[PDB]
Student: 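Got a structure for you, questions after.
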Amino acid sequence: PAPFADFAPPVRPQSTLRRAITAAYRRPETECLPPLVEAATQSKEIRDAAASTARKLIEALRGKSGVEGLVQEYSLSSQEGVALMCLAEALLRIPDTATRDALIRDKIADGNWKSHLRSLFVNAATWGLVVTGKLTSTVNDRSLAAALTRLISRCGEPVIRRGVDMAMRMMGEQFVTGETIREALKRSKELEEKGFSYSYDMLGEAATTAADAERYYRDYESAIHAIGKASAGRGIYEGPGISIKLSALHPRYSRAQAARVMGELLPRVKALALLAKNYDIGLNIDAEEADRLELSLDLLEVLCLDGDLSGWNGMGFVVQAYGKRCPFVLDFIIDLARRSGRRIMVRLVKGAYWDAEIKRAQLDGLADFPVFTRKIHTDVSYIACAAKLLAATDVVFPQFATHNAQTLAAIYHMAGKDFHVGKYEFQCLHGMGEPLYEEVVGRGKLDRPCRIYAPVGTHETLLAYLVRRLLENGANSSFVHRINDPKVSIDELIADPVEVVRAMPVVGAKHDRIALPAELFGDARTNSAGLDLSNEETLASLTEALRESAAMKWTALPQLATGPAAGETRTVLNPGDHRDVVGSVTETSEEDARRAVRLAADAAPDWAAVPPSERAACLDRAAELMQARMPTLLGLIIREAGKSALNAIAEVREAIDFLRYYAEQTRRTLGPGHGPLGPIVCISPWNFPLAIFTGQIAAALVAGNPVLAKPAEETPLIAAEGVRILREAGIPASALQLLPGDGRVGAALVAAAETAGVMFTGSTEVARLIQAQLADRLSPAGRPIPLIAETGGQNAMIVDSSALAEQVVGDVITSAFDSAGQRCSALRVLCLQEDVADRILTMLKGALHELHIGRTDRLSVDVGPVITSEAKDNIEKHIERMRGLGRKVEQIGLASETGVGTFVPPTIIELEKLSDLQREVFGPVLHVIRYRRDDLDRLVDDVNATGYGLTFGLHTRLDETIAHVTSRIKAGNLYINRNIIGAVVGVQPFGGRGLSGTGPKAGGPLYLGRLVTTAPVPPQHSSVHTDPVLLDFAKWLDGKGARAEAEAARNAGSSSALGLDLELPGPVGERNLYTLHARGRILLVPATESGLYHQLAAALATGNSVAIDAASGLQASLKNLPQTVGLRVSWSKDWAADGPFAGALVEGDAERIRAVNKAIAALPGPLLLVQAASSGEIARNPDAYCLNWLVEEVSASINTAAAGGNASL
Ligand SMILES: Cc1cc2c(cc1C)N(C[C@H](O)[C@H](O)[C@H](O)COP(=O)(O)OP(=O)(O)OC[C@H]1O[C@@H](n3cnc4c(N)ncnc43)[C@H](O)[C@@H]1O)c1[nH]c(=O)[nH]c(=O)c1N2
Ligand SMILES: NC(=O)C1=CN([C@@H]2O[C@H](COP(=O)(O)OP(=O)(O)OC[C@H]3O[C@@H](n4cnc5c(N)ncnc54)[C@H](O)[C@@H]3O)[C@@H](O)[C@H]2O)C=CC1
Ligand code: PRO
Ligand code: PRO
Ligand SMILES: [Mg+2]
């Protein structure tokens, strides 16, 4: 099959009208507004009349809550009100009323509610919104528990009774019209008698599995029967209808899965529409995320052209006025209504996903947002689109869904004097819009109809996305919020958004406080740009660029300083299809690898002499080149490395980000005194063959070191292209040599006499072999050769019973199986609290079977091949061993076309204990364990016990659990309520501890400092906190008379950055934190008393404990230590028995250092970051031991939108 011949063909040819929609997707905001202002303009007479009507409605609204009266009656604090409603919610989970009342009277009111009632406070963020109007993303469950005890002990049964009755009313009658469709229908008769109509919302969305989509289907079908029976021939305008969400009806509702959507989702909608046709009721397709808009149009088109649905005008469709495509979508819909002769019911809304759209465009590095960023722009867009709809009432049925009295009044007068039922209507939300619309419906008011959008569902169903619904009308910019704010005048509320926009100095300017994705980092650096795989223009352009990349004769050669070298040449094959030859590699002889190091050494002074700013300029130029070449680079990564387009885009972004980040960090730090190490050997893996390749090399180069680049033998072509780009950007050939080949080439480079440093990403075993070889050598200055190694992980995610299953499953499927699990960060062990384990596991297995595995030149492929047949064999041997032990194994079936490549099906293996898993299994293999809540702390121990410490995830809403878990886990990259993959340079600096590597973190501020002989002070690198054991030690030194060492100890205490705690700039809806902690226990190998004191001061000032070499004979130098210091001090004769250590400090002459370095490399377990100094160096240089390498970096990324919305926005 020809590469990319079927990458992403559209569902249908894009008509002129469809293309005008796509063209507007991310149009600059200043370009969208002027035509909207013009279309929204009305006569001065109309504007005055509309302001009068709006003032009249608002005066009525203000002239006429339950939770607030309850808070007042019992003098509750906010936390008490929230805690009370959480208790009421839990009591309502008890089905029998008499049982519940007995528990309240006999057990709850009397004392400890904790012994009788899953945290009570799982939904406290929602109840917090109800009580306070403010959204907090996580729940302070200890504060709520205290508040609940306090209020119960103060007020007793009466307050509990009142809370229960209040929650019962709100959850049964306010947030929903009824629990079931029959109950909702019964409660609809009252307002139907007043002139209202209804559209029922069954509260389904985001199917994760086929079974869940089928459940949502049968729920919609049963509701259509009930609504149609009740409609009883009233028709689509007077009678009730239904609203559906396409995401409820298929678990893979996305553009990437468009073929499955048209084949599998479309027939389901058609079947529901046929039933709606027979009863003659409305069936409305709700609008969802911006990347689903254009896909949904293909379903609308097919349905409106399907003759089986003819004769029925009930098909409806929502368009969101906050979207830049809205008027063009309306043009398309009106034309479709004309062609089909179906009077499409068009619900105009403003839009419910605003904060999520802002976050998504920022995360994806896209050109602009697909929605407006000023609320007034959405208001003008709405009015302009209403004008378009009101001119087409013969062709469509406009439905103006809004609670904004000003918007309503403007449209009411825009529509003019003539009205008949069926011309158009208004719409509102149940339990929210009735106060406004009771001033609209009826001959005594404005005599215009209103359809009530009526949620229907149980308590569990309505709570799932209640936060997003509350924010529709609850944000500070929301009309319903502002009308209830006394500080907001009626004049402010009736302000005409059209005229306000028209008079702004720059019409349609972007919000001042929302950064475009490119500007996320401000003046520090330019964000890399992504590509929108939902944009048909992008998919069409990418299709051609990808095909063109597959026709190129890609090569990789040994590129020595003197020119390309001869060698053994072989082809490079696509891992997804070995018949697809991607290019040819000429591999490096061991002789030429040694020669390359000599040439690098000869060239080292000339590269070091290029000033740091100019070296950084080379990196910035290379980043521009990679950005411009992204589509071609994507094609090569897809075919050579077996990656999906989505992952290839992110990888090229990461490479660009490394180049720009290290360039900026260089401009912030490097001066004449930060001399280069010399030739650095950069050994890189096949799983991030551009990004990690580029990151290591760029850092070494910009620090002033010439580089020998040894790429993974599986992925030399993208590496050769990366070197070509860096050379084009100005890196001299003598500064950057490419040495393709296998481990023998890597080993020859490591062992070469002039090698001054090694940067390695790959296996622990190979890093250990490199460490053993480097320990044989010292630099010309008699110091160890630095090794930076990142070596993978055994990464866990802990999920408690407060987490949202659908969120968990999505993050798990992505974290475990993205890139076929070939990320070092991939989720390996999912840990499920016992009470939710079976439900989440069922959902996870169902989601597993929705993944498409195959050759990655198709947008529809989710999981590609593993890199080699040997990798495949190793992974499969692990799976079969687990199966042979009787562990439950779930696997997706592989298509026959996978046989030409090396594929492993995504797999779920259920384990009894974490210790059942003994080694990192570098493939799409998720292990699942269950835990009881009281065993959480033991579980964290179990996770730490593997010895790894790279990525870690936690899904919980509860602050106590966040605090506990994050304080006890020992990993470098933590992720809360999100996936654990795709660390962003400079936002989640990436790297771990233990068996996961040495540090410092790539994409972090300590990285460049390891690549120079004297480390600079990184930006923001300081701490006002002083370690108290360090202070006790300095006092002990003064008491012993060691006044010089006591001063040095105090200086180390101040110099240490232990306790640094920063928030890094990044996308909205996330908090990204970076902190410096102690490393652990540092091995001290002193030679003199003063050396031991200096070593102890360095280690204690950075928060560490120590093990001191008993063979030093210096035990008598540490007599009568304070207990606080003694607690941190042990003496070690057998270093291997007393580990693991987290670093080492060595004192001695060159031969002593070499001997100790060899002994240290022989210690089992983690590679130790070793620092050595002579006694004279300790006396001359206060920084003989650099404190940068005695702290541990920790990155934590918290998804603050996880509760369903973004409070900050
Ligand atoms: C009957 C019915 C049916 C639906 C919906 C509402 C109603 C009444 N909604 C929700 C709707 O889109 C909207 O979020 C709420 O109705 C509130 O908007 P109003 O016009 O009431 O108020 P209001 O006039 O106060 O407008 C609030 C809206 O302004 C927008 N906004 C806020 N800040 C902004 C900013 N900084 N920049 C740009 N825009 C900003 C948002 O769209 C926000 O919801 C919806 N929504 C949806 O996406 N799909 C759907 O299928 C439905 N269905
Ligand atoms: N941390 C990560 O991101 C990576 C970790 N791994 C782990 O390693 C396992 C094996 O995969 P491999 O590709 O075998 O990784 P590997 O670690 O053997 O290869 C990594 C790099 O080291 C080079 N290399 C191999 N032996 C060497 C030696 N003796 N001296 C110097 N350089 C040497 C290779 O050529 C490649 O460039 C994987 O299954 C996975 O567990 C591998 C690749 C990525
Ligand atoms: O599309 C057309 O040409 C005809 C006109 C009326 C409805 N269909
Ligand atoms: O976090 C991730 O998924 C990638 C893997 C290497 C570093 N960044
Ligand atoms: Mg290998």
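Starting from 1, each residue takes its place in the sequence as its number.
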Student: Salt-bridge test for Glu1047 and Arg1050: reply yes if a basic N is under 4.0 Å from a carboxylate O, no otherwise.
Tutor: no

Student: Strictly below 4.0 Å, N to O, side chains only: are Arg1079 and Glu1192 in salt-bridge contact?
Tutor: no

Student: Rounded to the nearest 0.5 Å, how far does CD1 of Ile1108 lie from CG of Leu1096?
Tutor: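 These two atoms lie 4.5 Å from each other.
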
Student: Nearest 0.5 Å, what's the CD1-NE2 distance between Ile798 and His964?
Tutor: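 Between atom CD1 of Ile798 and atom NE2 of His964 there are 8.5 Å.
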
Student: Whether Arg1043 and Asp1038 form a salt bridge (side-chain N of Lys/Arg under 4.0 Å from carboxylate O of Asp/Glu) is what I want to check.
Tutor: no

Student: If you count the non-hydrogen atoms of other residues, nucleotides and ligands that lie under 6.0 Å from CZ in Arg667, is the total more than 12?
Tutor: yes

Student: Is there a donor-acceptor contact under 3.5 Å from the side chain of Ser996 to the main chain of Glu790?
Tutor: no

Student: Answer yes or no: is there a side-chain heavy-atom contact under 4.5 Å between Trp1036 and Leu1118?
Tutor: yes

Student: Given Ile962 and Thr138, is the side chain to side chain contact (heavy atoms under 4.5 Å, CB included) satisfied, shown in steps?
Tutor: CA-CA 9 Å; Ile962 295 170; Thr138 59; 3.8 Å; yes

Student: Determine whether the side chains of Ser1197 and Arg978 contain a donor N or O and an acceptor N or O closer than 3.5 Å.
Tutor: yes

Student: May I ask you to say whether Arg768 pairs ionically with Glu765, meaning some side-chain N is under 4.0 Å from a carboxylate O?
Tutor: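 No, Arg768 and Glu765 are not salt-bridged.
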
Student: Counting distance only, does the side-chain N/O of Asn1104 pair as donor-acceptor with the main-chain N or O of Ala1078 below 3.5 Å?
Tutor: no

Student: Is it the case that the side chain of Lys1158 and the backbone of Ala775 share a donor-acceptor pair, with hydrogens and angles ignored and the cut-off at 3.5 Å?
Tutor: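 Side chain of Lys1158 to backbone of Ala775: a pair is present.
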
Student: Determine the interplanar angle of the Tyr662 and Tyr1007 rings, folded into 0 to 90°, and report it as parallel if under 30°, tilted if 30 to 60°, perpendicular if over 60°.
Tutor: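 Correct class here is parallel.
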
Student: Taking only residues two or more places apart in sequence, or in another chain, which ones meet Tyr1185 in a ring pair (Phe, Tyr, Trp, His ring centres under 6.0 Å)?
Tutor: none

Student: Ignoring hydrogens and angles, state whether a donor on the side chain of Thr998 or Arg1010 is under 3.5 Å from an acceptor on the partner side chain.
Tutor: no

Student: With the threshold set at 4.0 Å, does a side-chain nitrogen-carboxylate oxygen contact exist between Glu1193 and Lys1001?
Tutor: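 Salt bridge: no.
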
Student: When you check the gap from the basic side-chain N to the acidic O, do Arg1152 and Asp1109 get nearer than 4.0 Å?
Tutor: yes

Student: Salt bridge or not between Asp1149 and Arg1154? Use side-chain N to carboxylate O under 4.0 Å.
Tutor: no

Student: Working to the nearest 0.5 angstrom, can you tell me the gap between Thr951 OG1 and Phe990 CZ?
Tutor: 6.0 Å

Student: Is the shortest side-chain heavy-atom distance between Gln833 and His955 below 4.5 Å?
Tutor: no

Student: Determine whether a donor-acceptor pair (N or O, by modelled atom type, separation under 3.5 Å) exists between the side chain of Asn795 and the backbone of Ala826.
Tutor: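 Yes: the side chain of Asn795 pairs with the backbone of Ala826.
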
Student: Can you confirm whether the side chains of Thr1088 and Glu1147 place a donor and an acceptor under 3.5 Å from each other?
Tutor: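 Yes.
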
Student: Taking the side chain from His1094 and the backbone from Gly1091, do they hold a donor-acceptor pair closer than 3.5 Å?
Tutor: no

Student: Given the rule in the side chain to side chain contact (heavy atoms under 4.5 Å, CB included) test, do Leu939 and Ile929 qualify, once you have shown the distances and angles that lead to the verdict?
Tutor: CA-CA 10 Å; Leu939 173 64; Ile929 63 184; 3.9 Å; yes

Student: Is a donor on one side and an acceptor on the other found under 3.5 Å between the side chain of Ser967 and the backbone of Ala963?
Tutor: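 Such a contact is found between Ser967 side chain and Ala963 backbone.
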
Student: Under 3.5 Å, side-chain donor or acceptor atoms of residues 1014-1025 against the rest of the protein: list the pairs with distances, not counting sequence neighbours.
Tutor:
| unit_1 | atom_1 | unit_2 | atom_2 | d |
| --- | --- | --- | --- | --- |
| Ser1023 | OG | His1025 | N | 3.2 |
| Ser1023 | OG | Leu1058 | O | 2.7 |

Student: Is it true that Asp800 and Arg933 have a side-chain N and a carboxylate O under 4.0 angstrom from each other?
Tutor: no

Student: Going by atom types only, do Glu1089 and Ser1117 share a side-chain donor-acceptor pair under 3.5 Å?
Tutor: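 There is such a pair (donor and acceptor under 3.5 Å, judged by atom type) between the side chains of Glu1089 and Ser1117.
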
Student: Which residue pairs satisfy the ring pair (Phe, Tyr, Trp, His ring centres under 6.0 Å) criterion with at least one member in residues 763-782, sequence neighbours excluded?
Tutor: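 Sorted pair list comes back empty.
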
Student: Treating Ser1195 as the side-chain partner and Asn973 as the backbone partner, does any N or O pair qualify as donor plus acceptor under 3.5 Å?
Tutor: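 Not at all, since once roles are kept as given, no pair shorter than 3.5 Å links the two residues.
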
Student: Provide the closest heavy-atom pair for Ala789 versus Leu1167 in the form atom of the first, atom of the second, distance.
Tutor: CB-CD2, 4.1 Å

Student: Check the pair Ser1090, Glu1045 against side-chain hydrogen bond (donor to acceptor under 3.5 Å, both in side chains), reporting the backbone distance first and the verdict last.
Tutor: CA-CA 7 Å; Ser1090 183; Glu1045 290 80 8; 2.7 Å; yes

Student: With no hydrogens and no angle check, is any side-chain donor or acceptor of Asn1072 less than 3.5 Å from a backbone partner on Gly1066?
Tutor: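 Side chain of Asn1072 to backbone of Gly1066, a donor-acceptor pair under 3.5 Å: no, none is there.
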
Student: Within the side chain of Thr1102, is there an N or O that forms a donor-acceptor pair under 3.5 Å with the backbone of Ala1098?
Tutor: yes

Student: Kindly indicate whether the side chain of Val1085, heavy atoms from C-beta on, has any atom under 4.5 Å from the side chain of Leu1145.
Tutor: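 They are not in side-chain contact.
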
Student: For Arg1081 and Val1106, indicate whether the former's side chain and the latter's backbone hold a donor-acceptor pair under 3.5 Å.
Tutor: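 Checking the backbone N and O of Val1106 against the side chain of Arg1081, a donor-acceptor pair under 3.5 Å is found.
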
Student: Would you check if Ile1160 and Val1146 make a side-chain contact, meaning some heavy-atom pair closer than 4.5 Å?
Tutor: yes

Student: Could you measure the distance from the OG atom of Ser137 to the CZ atom of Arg1071? Nearest 0.5 Å is fine.
Tutor: 5.5 Å

Student: Set out, in order, the CA-CA distance, both residues' side-chain angles and the distance that settles side chain to side chain contact (heavy atoms under 4.5 Å, CB included) for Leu148 and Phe121, then state yes or no.
Tutor: CA-CA 10 Å; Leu148 183 58; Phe121 309 120; 4.2 Å; yes

Student: What's the separation between atom CE in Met759 and atom CD1 in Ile788, rounded to the nearest 0.5 Å?
Tutor: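 Reported value, rounded in 0.5 Å steps: 4.5 Å.
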
Student: Do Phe952 and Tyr975 have their ring centres less than 6.0 Å from each other?
Tutor: no

Student: Nearest 0.5 Å, what's the OG1-CG distance between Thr755 and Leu774?
Tutor: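 The CG atom of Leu774 is 8.0 Å from OG1 of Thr755, to the nearest 0.5 Å.
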
Student: Is there a side chain to side chain contact (heavy atoms under 4.5 Å, CB included) between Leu1190 and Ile1082? Walk through the geometry before answering.
Tutor: CA-CA 8 Å; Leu1190 288 163; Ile1082 306 298; 3.9 Å; yes

Student: I'd like to know if the side chain of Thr956 pairs up with that of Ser802 as donor and acceptor (distance under 3.5 Å, no hydrogens or angles considered).
Tutor: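 There is such a pair (donor and acceptor under 3.5 Å, judged by atom type) between the side chains of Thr956 and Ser802.
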
